[PDB]
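> Let me begin by handing over the structure; questions about it come next.
Neighbour counts are summed over all protein chains in view; Cβ atoms, including those assigned to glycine, are modelled from backbone coordinates with ideal geometry. Quick note: the coordinates plus some simple rules give every number you see, no bench work behind them.
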Amino acid sequence: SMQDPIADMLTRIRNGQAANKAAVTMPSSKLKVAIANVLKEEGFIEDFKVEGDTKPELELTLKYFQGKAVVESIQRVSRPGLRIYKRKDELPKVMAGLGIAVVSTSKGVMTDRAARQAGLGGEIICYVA
Amino acid sequence: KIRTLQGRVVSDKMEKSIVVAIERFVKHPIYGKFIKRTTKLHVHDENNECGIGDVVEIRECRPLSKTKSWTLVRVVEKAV
Amino acid sequence: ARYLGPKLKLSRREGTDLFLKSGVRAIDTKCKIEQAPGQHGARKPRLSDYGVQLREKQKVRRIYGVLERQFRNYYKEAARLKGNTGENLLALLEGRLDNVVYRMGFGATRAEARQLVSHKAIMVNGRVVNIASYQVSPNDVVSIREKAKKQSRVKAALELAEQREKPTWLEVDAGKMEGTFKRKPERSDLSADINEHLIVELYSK
Amino acid sequence: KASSXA
Amino acid sequence: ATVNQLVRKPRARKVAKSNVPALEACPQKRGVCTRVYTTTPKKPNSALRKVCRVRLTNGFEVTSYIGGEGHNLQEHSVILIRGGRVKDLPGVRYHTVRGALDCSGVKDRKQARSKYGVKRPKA
Amino acid sequence: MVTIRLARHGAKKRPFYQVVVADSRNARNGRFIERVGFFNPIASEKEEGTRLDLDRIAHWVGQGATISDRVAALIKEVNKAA
Amino acid sequence: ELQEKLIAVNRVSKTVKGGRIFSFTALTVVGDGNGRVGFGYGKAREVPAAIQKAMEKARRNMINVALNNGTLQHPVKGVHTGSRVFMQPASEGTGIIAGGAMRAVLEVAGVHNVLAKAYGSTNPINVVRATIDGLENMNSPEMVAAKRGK
RNA sequence: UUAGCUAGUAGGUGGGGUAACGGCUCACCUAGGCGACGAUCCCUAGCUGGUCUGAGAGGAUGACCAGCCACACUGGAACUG
RNA sequence: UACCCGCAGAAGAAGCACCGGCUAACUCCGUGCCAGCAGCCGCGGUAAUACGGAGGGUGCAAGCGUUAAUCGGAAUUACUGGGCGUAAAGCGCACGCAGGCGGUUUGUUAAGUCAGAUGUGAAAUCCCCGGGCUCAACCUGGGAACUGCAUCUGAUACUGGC
């Protein structure tokens, strides 16, 4: 059920770009934004938007290119049914590097490539290709 | 300090025989999920203070009875 | 622990010259070479992915006189060794003292280049080397036994030797009989009908 | 095709 | 399926069953040999396969195949059984080693004599 | 009696002892406390032949510890400070 | 740079009235040795006629694969019907280590390395398919700029 | 296709004891103590370093070598130190 | 003894499995669904490369074969890494205790989580770069590793508690 709101993002997004749409909205959650930011910064979506006051709403502007979308794939790693955390060197690398992997660290979220150089580590939110 | 420990009772009835419990998140060695694994430690209770349910601090110390090697240190909260 | 038999019978199966009956007239032929490695040589061996893969090494072994029980380890060796295990196995196959002998013309065939390294008639930076398997490092210099130097054989060998392709990683002599291992053979200065991977695979299954 | 039982 | 489930009732391996259980799971066994018969194999093939019912050492009595054209075996004897079944005769899960203990190798065999147990005849 | 001795960790004919602090009672190659050098009765006139943490050996003798008589023949056959 | 060889050849049937008629099907792959690969099935009542016909489709239909120095980039895994397959790059750890049938489509395409493994079905026809569509989707590395750089 | 197990049993006090804490022992006294994160009960088994296999995660194993343990005709006991 | 120098002379030293397919490697003869082969499919009822022999060929070599046992292949208990409409597989259905999981925002906690440090994790073995027996095995120097645990000082996104 509501149990997992994160894999709801990745799914809505993976599904949105599936049905070649340009904008996908969902209720807003602090962590969600943190992720949103990540995807933007890393160039995986044109950008976020958050016009929610009493009932926080989040919109994501999807990107595209040629005969495909930006995100070749996006999977949930750590879930509420089995949390996964990784050290500094144990941090996972997506597609030999060509692809971020959102890892939350005790000093704010990051990307596998980010946190790596960062020096620390933490739970890994998901896999985006 | 010399290794402090938090834990919750188990019984009020025992007369100087206060036992306790210890929770500890533990990553199953193969499946990775996080399991709760308990540890029950019998503890020394002088003038049988702190009742049941309460949470307490404990210290590992010299034996005192067939399997009973811990003594309370401080009581925290009394309604659970 | 060596072949000891119809050696041409071999090069006829490999359809190439394995440098076996080197001696006097190099560049083989004269034996039926090709059209009959056995009693059905005439046939058209449309071999499998296996064939053109075992026959590859089944060759490499022969083109040196090395065996299985031992060849393997060479591969296992090369494997641990960083870099193209293919060229590496070669690097170790060439690095054989029985090879550096022949290769430095100090003997006709790579077969005639053994009967001596075996019968203590060679050596390194001293100590006479009895095992036709010694692994020659860099600089390591050989030298036909100052003893039975130039004899009713080894002389006739150097003849065709220096008139052969001629190596590039050894600084042989002639009368002083004592080459050197200038450097380890790169991949560019050695080859022919010999594929690495094609053999590096057979030991991956 | 199939033997000793099929 | 689920982790929690795997966490609970954990996955259980499924042990293997030695096609040949004439005990100890050991190389071969010695046996007294109760009877020496010949039988008929399955539908496709039709011979007069030779077999012997042997009282092993460990007490199990079992039927074994006699490979090769002819044998010395009979009534008592004392063969030593091996392994490998005889997909043509069911129940025959063992081969008696030829040229072992009271068993004579195949007379005259020259090819693959290692089996059928025979010695090089005048090289 | 923590005696500093050698254990035979060589190989047929070609030994290779090893100075080590160990409770006198134990077996030769039995339990010990800490390797503290070695002894090569071969080597042949080349580079090495023996090694000993001399400034460690003393720390033990310091807490009272008898030394083998073949171990002592090494503590000096290799001088002390020259 | 022809580069073409067959994988397998099976004999099929068409049970009619007076018995059955056996045809023949050959699966072949072609490429060069620098990207660009393709396969073709094709069948014909004659052995060669089939394999000959095999190269035809083989010629036509040749997708362009984006290699890297003779290997792959991001390790990949493709699927088709009953065969799931995966592939790891690395500097010619040995030289094309993958299963028969799924191997050729790796040689001819020009990749003297890769550590592979075929899971699921091991029927040639569907793995070669799985593989191709496996190399296919393999996105642009030195041309990541697509969604990369941006 | 083992679900319940335990009276010195669980704790206390107090003598005795031990090299030492201790139900170790005894006396008295509260009535407890363990258990489905699997007690109890059966079957099996010396434990670790490691060994074999595997791409690995693992699977299997623990002869030789070293650490710990246990036994030394079967069962029991103390003596000497 | 190790080792070194002569003496003599190719003298004194090769076998085993295999050849229809997987699987590298062919024929003749005999034989006749007999005799027998076989790891699986499957060979033999007159011209059999699958039986026995011979020739030949193939692969290993002081060994080769077979049987036995373990892991692999077996993504064939699937954590990495599988499945269930018909292939084996959703409890006949529902309520619900333990357990597993849980929307959202702030503060706080710092347990989980995470980073640095310090103890420890015997030696040997495996591993990396050298050394020594003629080589190699064997022996050995140094190092990495021993993915673990405990203590402490930090971190705070996420998870847990308040």
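> Kirkwood Rh over Cα pairs of the range A:1-71 into Stokes-Einstein at 4 °C, 1.567 mPa s: D in µm²/s? Don't skip to the answer; put the middle values down first.
Numbers: Rh = 12.4 Å.
For these conditions, the coefficient is 105 µm²/s.
> Out of the range E:22-123, which chymotrypsin sites (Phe, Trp or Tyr not before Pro) are coil in DSSP terms and have no more than 14 other C-beta atoms within 10 Å? Mind dumping the intermediate values first?
Details: sites: E:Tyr37, E:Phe60, E:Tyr65, E:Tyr94, E:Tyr116; in loops: E:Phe60, E:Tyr116.
When the chymotrypsin sites (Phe, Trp or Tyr not before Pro) of the range E:22-123 are filtered for loop state and at most 14 Cβ neighbours within 10 Å, E:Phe60 remain.
> When G:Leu115, G:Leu2 are ordered from fewest to most other Cβ atoms inside 10 Å of their Cβ, what list results? If you can, show how the numbers build up before the last one.
Details: G:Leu115 16, G:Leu2 10.
So the residues, fewest neighbours to most, are G:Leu2, G:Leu115.
> Mind giving me the nanometre distance, one decimal, between the label points for B:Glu46 and A:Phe65, set 7 Å out from Cα along Cα→Cβ?
In this crude label model, B:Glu46 to A:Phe65 measures out at 7.4 nm.
> If you don't mind, another one. Choose one of E:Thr57, E:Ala123, E:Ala112: the residue whose Cα lies farthest towards the positive end of the charge dipole of the range E:54-123 (beta-carbon charges +1 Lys, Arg; -1 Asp, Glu; about the Cα centre).
E:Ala123
> Related question: Go ahead and run the numbers for FRET between G:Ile63 and G:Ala90, Cβ-Cβ distance against an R0 of 25 Å, rounding to 0.05. Don't jump to the answer; show the numbers that get you there.
Working: r = 23 Å, r/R0 = 0.94.
Using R0 = 25 Å, I get an efficiency of 0.60.
> For chain G, give me the percentage of DSSP beta bridges that are antiparallel, rounded to the nearest 5 percent.
Details: 26 of 27 bridges.
The antiparallel fraction comes to roughly 95 percent.
> Could you tell me the distance between the Cα centroids of the range C:3-43 and the range F:38-74, to the nearest Å?
Cα centres, the range C:3-43 to the range F:38-74: 63 Å.
> Here is a further query. Quick check: from the Cα gyration tensor, does the range F:1-81 come out rounded (a/c under 1.5), prolate or oblate? Don't skip to the answer; put the middle values down first.
Values: a/c = 2.33, a/b = 1.23, b/c = 1.89.
Oblate shape, in that a/c is at least 1.5 and b/c is the bigger or equal ratio.
> Under a Cβ-Cβ cut-off of 12 Å, what is the net charge of the residues other than F:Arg28 that fall near it, where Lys and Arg count +1 and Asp and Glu count -1? Could the numbers behind the result be given before it?
On the way: positive: F:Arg5, F:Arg8, F:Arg25, F:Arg31; negative: none.
Net charge in that neighbourhood comes out at +4.
> What distance in nm separates the two pseudo spin-label positions at G:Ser121 and G:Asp133, each 7 Å out from Cα along the beta-carbon direction?
1.1 nm
> Let me ask something else. Within 10 Å of each Cβ in peptide G:97-105, how many partner chain Cβ atoms are there on average? Round it to a whole number, please.
Numbers: counts 5, 2, 1, 4, 1, 0, 2, 1, 0.
Partner Cβ neighbours, averaged per residue: 2.
> What FRET efficiency comes out for the pair G:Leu2/G:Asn34, r = Cβ-Cβ distance, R0 = 22 Å, nearest 0.05?
Values: r = 14 Å, r/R0 = 0.62.
Efficiency at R0 = 22 Å is approximately 0.95.
> For the range A:40-46, what does the Karplus curve 6.51 cos²θ - 1.76 cosθ + 1.60, with θ = phi - 60°, yield as ³J(HN,Hα) per residue in whole Hz, taken in order and with x for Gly and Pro?
These are the phi-based 3J(HN,Hα) values: 4, 2, 7, x, 10, 8, 4 Hz.
> What's the average, rounded to a whole number, of partner chain beta-carbon atoms within 10 Å of each residue's beta-carbon in B:28-35? Spell out each step's value before the answer.
Values: counts 5, 0, 4, 9, 6, 8, 5, 2.
Per-residue shielding by partner chains comes out at 5.
> Order the peptides E:66-72, G:44-50 from the highest to the lowest mean number of other Cβ atoms within 10 Å of their residues. Mind dumping the intermediate values first?
Details: E:66-72: 16.4, G:44-50: 13.9.
Put in order of decreasing packing, that is E:66-72, G:44-50.
> Which whole number gives the average count of other chain Cβ atoms within 10 Å of the Cβ atoms across peptide B:6-18?
Values: counts 0, 0, 0, 0, 0, 0, 0, 0, 0, 0, 0, 0, 0.
Average per residue, whole number: 0.
> Relative contact order (percent) for the range A:1-71, with alpha-carbon contacts under 8 angstrom and 6 or more residues of separation? The partial results should precede the final answer.
Details: 88 pairs, mean separation 22.0, N = 71.
Computed over the range A:1-71, the figure is 31 percent.
> Which value in deg cm²/dmol, rounded to the nearest 500, describes the helix-derived mean residue ellipticity at 222 nm for chain E, given -39,500 (n - 2.57) per DSSP H run of n ≥ 4 and division by the residue count? Before the final figure, lay out the partial values.
Working: 1 runs with 5 residues, N = 123.
Here the helix-only value at 222 nm equals -1000 deg cm²/dmol.
> Taking every pair of Cα atoms in the protein assembly as shown, average 1/r, invert it to obtain the Kirkwood radius, and report Rg/Rh to two decimals. Display every interim value, and only then the final one.
Working: Rg = 38.3 Å, Rh = 36.3 Å.
On the Cα set of the protein assembly as shown, Rg over Rh gives 1.05.
> Given a Förster distance of 41 Å, report the FRET efficiency between C:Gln70 and A:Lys107 from their Cβ-Cβ distance, rounded to the nearest 0.05.
For C:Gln70 and A:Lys107, the calculated efficiency is 0.10.
> Rounded to the nearest 5, what % of the DSSP beta bridges within chain F are antiparallel ones?
On the way: 10 of 11 bridges.
Expressed as a percentage, antiparallel bridges in chain F total about 90.
> Around G:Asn10, which amide H atoms from residues at least 5 apart in sequence, or from another chain, sit under 5 Å from its own amide H, with H modelled in the peptide plane?
Under 5 Å from the amide H of G:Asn10 lie the amide H atoms of G:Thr25, each far enough along the sequence or on another chain.
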